[PDB]
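Just so you know, structure 1 and structure 2 below are the same protein chain in two forms, each on its own as structure tokens.
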Structure 1
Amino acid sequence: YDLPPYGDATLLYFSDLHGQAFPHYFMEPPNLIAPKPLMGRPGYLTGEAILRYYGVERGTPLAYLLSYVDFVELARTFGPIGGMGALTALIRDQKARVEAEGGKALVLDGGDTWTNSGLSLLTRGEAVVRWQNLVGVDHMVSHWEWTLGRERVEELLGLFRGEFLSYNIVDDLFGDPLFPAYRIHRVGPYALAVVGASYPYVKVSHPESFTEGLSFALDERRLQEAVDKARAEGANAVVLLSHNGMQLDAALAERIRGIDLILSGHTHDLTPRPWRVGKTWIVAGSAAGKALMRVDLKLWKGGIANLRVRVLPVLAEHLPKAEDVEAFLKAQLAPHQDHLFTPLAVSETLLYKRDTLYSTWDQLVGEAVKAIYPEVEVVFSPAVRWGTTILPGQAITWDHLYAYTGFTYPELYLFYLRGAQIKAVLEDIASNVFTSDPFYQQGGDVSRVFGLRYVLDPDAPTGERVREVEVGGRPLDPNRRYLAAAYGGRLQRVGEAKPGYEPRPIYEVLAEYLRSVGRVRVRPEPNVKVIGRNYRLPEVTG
């Protein structure tokens, strides 16, 4: 944390906090499978390879943040990551140092901040905004924020003291932008523009009602125009605070002229060294409060001459307390502490969420659903990248359940699907996740389907990526009707609702199951064989 001065301006960047108020554990994915053309790129590095790529020594605090390798042991060594208190303390420490050097600091939030946590659900996002205000966030962009609905977002923007930016959120009839595209900040004799981009796929990714009247479409012309306008106004350097997803950002760096640095959210990536694409540097925003990225820039009349990037681990056991934040969280959650923090069950093994294809947490959810609804044959779990990690011997609480399943639309649906639909769903998802054109990458993973097994060839043509599907030990029958369960998506829209079943929040089902069993012990049993790749698993004990 004790860095020497560098450059003219400092960006203190974090993204995809997902309302995570408290220190917790968050392991990186064991697999980030890519079609051959995208292999070895930032955003597709895991395990030992990511450590080698960045020259990070095994067993270090950065290694703990960066890879699943040695996870449990390193979690027991360095402690939990994140927490709004610790993140605040770190941001304040860095901002103070910068200002004492005569430098200039900006606090930039990449979005996916307001939602998906106990604190968020209990306050419809308000407490998270109040926290941003305590820290002093200068700008933010968005994605999951919209799951609170337009009206609530508008209310919260009234409360937010920073300036929300987005070049791409426009009225869906007239096309007039609804927010400022960028803000220019003076940096000594220089000027630095921060341009914002919100996720372009909000409409198809969440309930339609949440964004009625709005368009978020990626618009290269409008983005180029914003960049050009900022420079015409005198901006020497341009930074894009983005929620596009890092691969789409990389594609944009080869298409848009004049973007010097992109701060990439959405994909929850980590980039200890910036990724050079075209004439642009790219730095990812990580997630769940794991890290604060410090980017020091040396500017020149026409852009960024050089930069220093440092991933600062947010390790609560190694940072001072932000007393005002601690007090605020206590006041906000005191009335809900018994609910949020009482143990529901103990997990005997590592429960993780992130992976291209499979996770122990998602398997637990599949087992819970099947235990309560034995008629269900396949359980489709949403492959979101937000969540948390439960260590062996650790108690699972309601706060964890909200971290894993805290959608504002948490309903579990039971419906019938024909066999052909099951296969088609996986193939369609595979076509998106494994497209080789980063311009079309959406930044998501593959739905986890408990109750079935399949073979995946990421490099096969569309229509041939998913094969040898089996349900309950038998080959998939295309004309057979199977009872499916799903939450966090739209799959139920193409099925036949189970008569007599009333959809209810997935977290209620999970709490019922966990209270009943008392202890869980999910062993990693991946249900997918991947052609052309070694499918990796972390060590789940220790």
Structure 2
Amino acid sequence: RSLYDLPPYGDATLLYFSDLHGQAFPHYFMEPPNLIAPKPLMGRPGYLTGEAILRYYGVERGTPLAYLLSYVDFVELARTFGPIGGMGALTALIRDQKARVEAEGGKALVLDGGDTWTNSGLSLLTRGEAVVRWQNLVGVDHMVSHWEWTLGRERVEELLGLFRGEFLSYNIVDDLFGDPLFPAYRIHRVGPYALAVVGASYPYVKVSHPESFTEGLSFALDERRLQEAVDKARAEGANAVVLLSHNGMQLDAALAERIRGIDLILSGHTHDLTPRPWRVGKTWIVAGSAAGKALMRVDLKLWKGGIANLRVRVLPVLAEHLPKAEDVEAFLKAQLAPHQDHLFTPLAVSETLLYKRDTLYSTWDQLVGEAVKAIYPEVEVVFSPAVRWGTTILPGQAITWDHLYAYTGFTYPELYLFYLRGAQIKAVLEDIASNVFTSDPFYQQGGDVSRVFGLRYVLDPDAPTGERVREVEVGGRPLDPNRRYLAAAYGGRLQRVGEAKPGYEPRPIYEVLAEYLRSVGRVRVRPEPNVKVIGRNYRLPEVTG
């Protein structure tokens, strides 16, 4: 009846998005069919999918919110409402909203949760610069970071010189002296009140990406320093404190029970959606979604001691249903005009739905495994990175280079071929499983399993560490712990424990994909999950339509 036409509410409005991952154009982004959790974490925000998520939030099936929120009815709703995101539509929506708030005499802040500058055609072609420029066009007040660092320390410093907003992070410090490199927070006047925005960058940057990108930096989660920063903002006059975070929602939730003084957390990193805020301790938590699919409008009623009340609305960024942001459209045309040929020409047509997100398995990741095995038939197992970023290809839709970059646009995209003993394969899976499924609530945090094309296994998320992965089979034959298997991997560090295939030169995964796609012309990868999940129903979306 009116997704965007909202009446005024409160003293301040936060317009928040996160994990855009350089997605410049309207595209499709389906939520995961599964977000598997150990028994203790089931049924909570960050672990809800399908029908369950709709019910939890009281979202009616078939609505624009349902289209964004769940994989249920995906293909059908994508045809109905159209693509989401695009920097043009996102900008138009942010401006529409900011203009409404200011006309009400309210104070509006545009907040970016990070994982913004990277992983897209536009980003790769400009080493992130064009994304920074767009941020400057819309007018981002603050941002935090994670994948930004894959551009390397030097390049990030350069880009921050261009970024007109104020970058925040309490946790990024020099690894020798420990001095913070950036402001921990910023206090903004909101009428008679003061509202502090504290920033937190992803604390595991060092172990998640090439160490050389962050040489000289520490990103470690420091609760003592976090508390001190919150205590300081207040002593300096802050009535309410908001944490603009890239810790990940489950980690944010743990902190809400350990840190005092945080009134609201805008949770990035986990690519979650929270149509209603998640109350944890004395803190409200609102997720940043991803890929430009939504703008979270958080209206705040402040009081001398914090946040009195709040209104949260997930605003769908529907390109077909929003006005154009002319300057943005113009900037994009100017930036990618010289490369539209490369970026948008079809490489192949996908007959069925290609999706990326899921705890265990995806049709997109299988496609990649099939491409690798096709070009390198000696490869027995292909380990694909379970990143949260990517895009969704509809049936009959043509795959382009822009999609390849959205899916495999790492700054370190090299595909490695190397041998692993059978015992290593099993241990790699068991190791990931122990991270992603730890029961202990004190230790959060969730976060998907590498997809291994060429093998099948049984997973029990509730079993003890060392017993979660069993009945591993490679090509129909039981895994032989002492056998050397030829593996392929990209977007990670698995190659570090393997023996490199002689004669093989690592090259960008996307070059392998383009070669394969151009040759085959059409692909049809139906969902055939390779994992038997103990104690859970494993779900699949409808891949035709």
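Shifts are known only where both forms have a C-alpha. One-based numbering along structure 1's sequence throughout. Whichever C-alpha set is largest while still superposing within 1.5 Å between the two forms counts as the rigid core.
- Taking the core as reference between the two structures, the lone member of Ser447, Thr211, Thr408, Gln442 whose Cα moves by 2 Å or more is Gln442.
- Note on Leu329: its Cα is shifted 0.1 Å between the two structures, core used for superposition.
- Segments of at least three consecutive residues in which every Cα is displaced by 2 Å or more between the two structures, once the core is aligned, occur only at 436-444.
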